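The data below hold one chain only, encoded as structure tokens and taken in the form deposited in one PDB entry.
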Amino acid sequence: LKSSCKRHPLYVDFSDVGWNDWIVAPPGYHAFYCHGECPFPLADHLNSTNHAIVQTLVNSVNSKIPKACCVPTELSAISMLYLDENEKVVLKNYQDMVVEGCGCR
């Protein structure tokens, strides 16, 4: 997979990770994930920080310095039914669960 930094699909099934013992609902969700290369140069359509730009140029002159990394730059939350520490089944929000966008950092 040599494409550029973009979001890829990914459904997480809690029972496949051993979380169905504390997560009552849902059975899993679409978390997605980022992947792809952060190349020189970083095109217009790439969300990047000044440092990522700086680091990318360094990688072009010195391969010993790694390229910027393709990580989530925008996330969203989800609610979850689960059992808390007090043994009560509560329904709360969980931030930074679903990858909404990808960028170079």
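We number the residues from 1 along the sequence you see. For clarity, a rigid core is taken as the largest C-alpha set superposing within 1.5 Å between two forms. Only residues modelled in both forms are compared.
*Asks:* Would you determine, from the values in the PDB entry, which of 21 to 29 and 82 to 90 has the greater average C-alpha temperature factor?
*Replies:* Comparing 82 to 90 with 21 to 29, the higher average CA B-factor belongs to 82 to 90.
*Asks:* Using only C-alpha atoms and the B-factors in the entry, which stretch averages higher, 70 to 78 or 44 to 52?
*Replies:* Going by the record's values, the stretch with the higher mean is 44 to 52.
*Asks:* Consider only the C-alpha atoms of the modelled residues in this chain, order them by B-factor as the entry records it, and name the third containing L1: lowest, middle or highest.
*Replies:* As the PDB entry reports it, the C-alpha B-factor of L1 lands in the highest third of its chain.
*Asks:* What third of the chain does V61 rank in for C-alpha temperature factor, lowest, middle or highest?
*Replies:* Within its chain, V61 is a highest-third residue by C-alpha B-factor, going by the deposited values.
The discussion below concerns the form deposited in another entry, not included here.
*Asks:* Once the core is superposed between the shown form and the other one, does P66 show a C-alpha displacement of at least 2 Å?
*Replies:* No, the C-alpha moves less than 2 Å.
*Asks:* Taking the rigid core as the reference frame, tell me whether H51 has a CA displacement of 2 angstroms or more between the shown form and the other one.
*Replies:* False for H51: its C-alpha shift is below 2 Å.
*Asks:* Taking 2 Å as the cut-off, check whether the CA of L42 shifts that much or more between the shown form and the other one after a rigid core fit.
*Replies:* After core superposition, the C-alpha of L42 moves 2 Å or more between the shown form and the other one.
*Asks:* Since the Cα separation of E85 and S76 moves by 3 Å or more in the other entry, tell me which way: closer or farther than here.
*Replies:* The answer is farther, because the C-alphas of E85 and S76 separate from each other in the other entry by 3 Å or more.
*Asks:* Work out the direction of the Cα-Cα change for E85 and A77 in the other entry: closer or farther than in this form? It's 3 angstroms or more.
*Replies:* Farther: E85 and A77 separate by 3 Å or more in the other entry.
*Asks:* Do any runs of 3 or more residues shift their CA by 2 Å or more between the shown form and the other one on a core fit, and if so, which ones, in sequence order?
*Replies:* 41 to 46, 83 to 89 are the stretches that shift between the shown form and the other one.
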